[PDB]
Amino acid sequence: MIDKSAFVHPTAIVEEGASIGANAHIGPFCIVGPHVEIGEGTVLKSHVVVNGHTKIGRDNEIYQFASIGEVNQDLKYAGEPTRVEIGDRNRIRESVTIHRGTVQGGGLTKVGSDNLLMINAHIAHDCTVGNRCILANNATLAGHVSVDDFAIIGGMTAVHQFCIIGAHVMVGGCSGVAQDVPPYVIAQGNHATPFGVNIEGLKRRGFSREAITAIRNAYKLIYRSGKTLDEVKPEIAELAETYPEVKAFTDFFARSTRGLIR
């Protein structure tokens, strides 16, 4: 159903069954599929295609030539009714593509809230993007990629399938990420390697002096101690008993499947 306070441009095509929330705006030449839900205050500027089983939250700004909920590029995908979920207050820029999940990959592509997805950013099938992330121009996530809260993917950077980009990570522009990136790490290059803790990011996001020091100590245990990851895992958990921000490493290790960038 289309809320009486929603605006639907006369040139837009909203298929019967679509749900458009209060004060939403569907701009000229937009196409909205019958299984789409558009939340309150969300704006589709113009020339936007939204289809598939897709739920979009509130106060999103979706710019021209974006494709949200489209059939993914997985050669195994065969038209199964997979899904996309997008949260609130995202800025989804020109030509961004967000594709639906695969049955084999869990059936869902998810994007959280307050993200900025710059021109031609790509979110493949079965990806999970958290909150307050930034994908810079042409940043490309392959299938099944996780981008955790506050992580930044630089311009023209690709992330290999199944890789996890930890919370508060900064991946430099013109990079290729082939393994998992622990939280709070700066990564750069092709293949991307670690270049210390994202100190400026942590400072700006209210992390204490003591928390940043403990995170640097955890980074040193992983990358500078010369010990294996298995030897270092209880050392990091021990450190986390005093500085809870260090628990993000433990949580990340349990999810990691591709090894760590080194």
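Sequential numbering from 1, following the sequence displayed.
Averaged over CA atoms, B-factors in the entry run higher in 208-216 than in the other of 208-216 and 54-62. Here 12-20 and 234-242 are compared by their mean Cα B-factor, and 234-242 comes out higher. Of the candidates 99, 132, 110, 191, the deposited coordinates give 191 the top C-alpha B factor. In this entry, the residue among 116, 75, 71, 169 with the greatest C-alpha B factor is 75.
Per the deposited record, the Cα B-factor of residue 81 falls in the highest third when ranked against the other modelled residues of its chain. When all modelled residues of the chain are sorted by CA temperature factor, residue 198 is found within the middle third. Annotation for residue 38: CA B-factor lies in the middle third of the chain's modelled residues. Ranked by Cα temperature factor within the chain, residue 138 sits in the lowest third according to the deposited record.
When the modelled residues of the chain are ordered by their C-alpha B factor, residue 104 lands in the highest third.
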